[PDB]
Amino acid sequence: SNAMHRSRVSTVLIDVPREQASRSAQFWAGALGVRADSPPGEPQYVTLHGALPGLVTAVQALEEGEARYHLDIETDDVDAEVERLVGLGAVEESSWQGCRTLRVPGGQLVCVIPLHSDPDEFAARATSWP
């Protein structure tokens, strides 16, 4: 059933109500000793450059809801990866911050997102399914 495809955790997100976003980025920049800025086309994100090895880390401004963390699973087939994770007991929730979003067994949220990495890096770190 499940199409052959690849995935891995690519991104660690610090989700904060929009009003606290700049204060949060200020803290994490000082706490981690990192540079912080927003990418073009992504003003809701403040990248914490080089915070974690082999991953992207960012503060994401929430338009509604309470502060949390979440992980993004990067994949070359979003539909197939959502299907695979639902097969493992995850449940798809409403679109959340423009991402396909699942509640996993235990209660945490994860987002499934498309490719945003150097192909050679993704091939070196992604897990092949099945």
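Numbering starts at 1 and follows the sequence shown.
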Between 16-24 and 114-122, name whichever shows the higher mean Cα B factor according to the PDB entry. 16-24
Tell me which stretch, 44-52 or 57-65, has the higher mean Cα B-factor listed in the entry. 57-65
Among the modelled residues of this chain, does the Cα B factor of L71 put it in the lowest, middle or highest third? lowest
Where does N2 sit by CA temperature factor within its chain: lowest, middle or highest third? highest
Using the B-factors in the PDB entry, rank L102's C-alpha atom against the chain and give the third, lowest, middle or highest. middle
Splitting the chain's C-alpha B-factors into thirds, which one does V91 fall into? middle
Taking the entry's C-alpha B-factors for this chain, is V78 in the lowest, middle or highest third? middle
